[PDB]
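Fold and contact review
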Amino acid sequence: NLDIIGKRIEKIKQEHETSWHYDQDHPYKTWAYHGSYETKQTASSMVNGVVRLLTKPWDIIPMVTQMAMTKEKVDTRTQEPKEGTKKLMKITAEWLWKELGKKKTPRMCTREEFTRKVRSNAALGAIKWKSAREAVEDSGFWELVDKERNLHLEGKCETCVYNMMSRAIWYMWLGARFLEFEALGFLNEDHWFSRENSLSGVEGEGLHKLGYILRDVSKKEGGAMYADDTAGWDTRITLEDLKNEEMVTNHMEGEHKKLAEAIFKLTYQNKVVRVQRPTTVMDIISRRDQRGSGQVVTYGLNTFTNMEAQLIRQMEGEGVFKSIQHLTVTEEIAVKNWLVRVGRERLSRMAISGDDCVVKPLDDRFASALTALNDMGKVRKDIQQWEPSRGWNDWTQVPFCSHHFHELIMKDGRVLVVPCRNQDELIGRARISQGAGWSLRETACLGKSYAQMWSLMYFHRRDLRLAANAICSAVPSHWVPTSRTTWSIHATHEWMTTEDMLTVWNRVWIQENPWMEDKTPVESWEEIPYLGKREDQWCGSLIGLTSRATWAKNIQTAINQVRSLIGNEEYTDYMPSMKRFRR
Ligand SMILES: CC1CCN(C(=O)c2cc3ccccc3o2)CC1
Ligand SMILES: [Cl-]
Ligand SMILES: [Zn+2]
Ligand SMILES: [Zn+2]
């Protein structure tokens, strides 16, 4: 307890000795409260004016406009699983880390890799120096990391504290993030959750492949496809989950092993967190369970634990084991022989991205196999605890990573599987920018990032192909796309480029696409088809409305408004790539 968190707690008390007070009005039951000190401090969503001026019909659609305006889950506790549950989880975790390790070598990530990440600008969740980029050069920072690092090898921790701010993001100081990245970065940096290595994973696949992947799961013999979301996944990670995740250190050696064992032991299985309570004060609270790590390591361990949970739900539906209460010795033998005999085949029946999953089990007994899943604390969202899962019968209706997928037949008979979501969501997200101080140039370059993503991923939506052409016509041709349209770890961001978008489309959808046999290049945007007119309207298209027809017909006036604001620059007209503007 305080033997592991004490140093951190006592160090904080000393930097706020003037203010320290053991309050009696602390709203913590499940979190252990330690003390409080004086604070005075808090970034809301800003609108992107380039995208808004070029999407005027949506200015009167509340689903779009409300996206730009702007607890009882973090302060709960999960029961400890039954003994049979613990046994299933240890055996499956042991086996899963062995499978993920067969063709990969755990290894430390480097200052250099971390330096390039911050220099290339990435979302690490950080807080003497003001910018992360500057701290990477001030050797004093690296001496602070060295100081901490040697404490970790001594099995102690001084500065690895969380700043808390169905979401809450646990920021840490850049040095705390370096040491996490050094010890566990390999999981993401070397693609341990790729489909090739994990069979169930989709890390680095890209949104152009997820649909083809769901269609390949559909080709397997079995029952419905199940996509049960969990109710607040990060808050349901048990210390037993944290202990099965830690068994990755069993595959490590030397310094690496000691560094990873201390991240698990001292930051994950024992946390210290500063919450900013308006009543304002800074509470120093602690706890052993729940997820609280870097977003990228959180993705990897979520995928791992979810892969484990879903194989165990599959075992339960196949009657590999009778009850979670206690596992017989012969049932343990059976679970292992099951894993050895068909583990890899059953991983390939899944697509898993963090807390999100699609399972095509052997048959529909999976639907009522709920005891292990509820007893692991992975309670399904929006359905009665003991009510059977509603499956899907068509892979084109299954939700995954906030998308559904359409089969789209090109004029030449070749078959695209394309991602899609309600168009109000796509336009509402492109109208939002994060953070302060953006120039008009930076704003335009973020608008251009969204526009190129739409041209590559959502070309089949009439309204997004037109708006993407308008935005690319309205931003200087040579200005480079900036920021991130998305942070999804499945994403590959082929739209972040100044290459010609028809050249990228051909590479992504034809040349590099293993589901396309005939590699005949497409020569024009007119060869590239749309969803049916009715399919387009069902997924939120404004085609057949008057506001939309005025917008499309007068698009060159909206393009000219934005060109006049940006000023006298080199622009290209992309509207003639569409038939209706081709004179
Ligand atoms: C649900 C149906 C969609 C097609 N309809 C149109 O009126 C239409 C098609 C179209 C294509 C491009 C620009 C405007 C457009 O309007 C009828 C209703
Ligand atoms: Cl269905
Ligand atoms: Zn530490
Ligand atoms: Zn759709």
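Here, the structure is the one placed above.
Per the conventions used, each chain is numbered from 1 along its written sequence, independently of whether this matches the entry, and residues without coordinates are not displayed. As they are written, the chains are lettered A onward and the ligands numbered 1 onward, keeping that order. Remark: hydrogens and water are excluded; side-chain values derive from all non-hydrogen atoms of the structure. Residues with missing side-chain atoms are left out of burial classes, side-chain pairs and their counts.

**Things to note about the overall build of the protein chain**
Summing up its helical and strand segments, the protein chain has 23 helices and 11 strands in all. Its C-alpha radius of gyration of 26 Å places the protein chain within 12% of the 25 Å reference for a compact globule of 583 residues. Helix and strand assignments come from DSSP, with helices taken as H or I runs of at least 4 residues and strands as E runs of at least 2, each series counted from the N terminus. For this measure, only C-alpha atoms enter the radius of gyration; the expected value for a globule follows 2.2 Å times N^0.38, where N is the number of residues.

**Remarks on a nonpolar patch on the surface**
Patch membership requires more than 30% relative accessible area and the absence of a salt bridge. Residues of like charge join within 9 Å; the nonpolar side chains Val, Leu, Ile, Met, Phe, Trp and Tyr join within 5 Å. Areas reported here follow the Shrake-Rupley algorithm with a probe of radius 1.4 Å; residue values treat only the protein chains shown as occluding. Salt bridge, as used here, is a side-chain nitrogen of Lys or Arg placed within 4 Å of a carboxyl oxygen of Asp or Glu. Taken together, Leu53, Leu440 and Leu565 make up a surface patch of nonpolar side chains, about 250 Å² in accessible area. Tracing the chain through its elements places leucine 53 in helix α2 (residues 49-53). In this scheme, a residue with accessible area under 20% of its type's maximum is buried, one over 50% is exposed, and one in between is partly exposed, where area comes from a 1.4 Å probe on protein chains only. Take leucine 53: its relative accessible area is 32%, and that puts it in the partly exposed class.

**A few points about the site of ligand 1**
Throughout this document, a residue counts as near a molecule or strand when at least one of its heavy atoms sits within 4 Å of that molecule or strand. In the vicinity of ligand 1, the contacting residues are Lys533, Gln537, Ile543, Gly544 and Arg548. Contact with the protein chains hides 58% of the accessible area of ligand 1, taken as 420 Å² for the molecule alone. Residue classes in the shell around ligand 1 are distributed as one nonpolar, two polar and two charged. Under the grouping applied here, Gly and all other residues not named as nonpolar or charged are polar, the nonpolar ones being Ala, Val, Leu, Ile, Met, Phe, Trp, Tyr, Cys and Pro and the charged ones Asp, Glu, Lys and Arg.

**Structural notes on helix α22 (residues 546-553)**
An α-helix turns once every 3.6 residues. As a result, residues three or four positions apart point the same way. Inspection of α22 places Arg548, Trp551 and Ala552 among the buried residues, and these make up the whole buried set. Seen along its axis, α22 keeps its buried residues to an arc of 95 degrees; they face one direction. Facing away from the buried side of α22 by more than 90 degrees, the exposed set consists of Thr546 and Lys553. Note on contacts: a residue pair is in contact if any heavy atoms of the two residues lie within 4.5 Å. Here the buried face of α22 lies against α19 (462-474) and α23 (555-566). Taking the helix axis as origin, the arc is that swept by the directions to the C-beta atoms.

**Section: the pattern of salt bridges**
Using the criterion set out here, one finds 45 salt bridges in the structure. Measuring nitrogen to oxygen at the nearest pair gives 2.9 Å for the salt bridge that ties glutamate 345 to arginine 349. In this structure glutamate 345 comes out as partly exposed when scored by relative accessible area, which is 29%. Classification of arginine 349 by relative accessible area gives buried; the value is 3%. Taking the shortest distance from any N to any O, the salt bridge between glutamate 499 and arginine 507 comes out at 2.7 Å. A residue is classified by how much of its surface remains accessible, and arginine 507, at 24% relative accessible area, is partly exposed. Within this structure, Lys220, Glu318, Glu345, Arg346 and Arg349 form a network of salt bridges that share partners.

**Some words on the coordination of the zinc ion (ligand 4)**
Any N, O or S atom lying within 2.8 Å of the metal counts as a donor, and for Na, K and Ca the limit rises to 3.2 Å; water is left out, so some sites can look incomplete. Surrounding the zinc ion (ligand 4) are the protein donor atoms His404 (NE2), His406 (NE2), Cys420 (SG) and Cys539 (SG), which sit 2.0 to 2.3 Å from the metal. Written as a sequence motif, the donor arrangement for the zinc ion (ligand 4) is H-x1-H-x13-C-x118-C. Placement of the pair is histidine 406 in strand β9 (residues 404-409) and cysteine 539 in the loop between α21 (533-538) and α22, with a sequence separation of 133 residues. Just as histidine 406 is buried, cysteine 539 falls in that class too.

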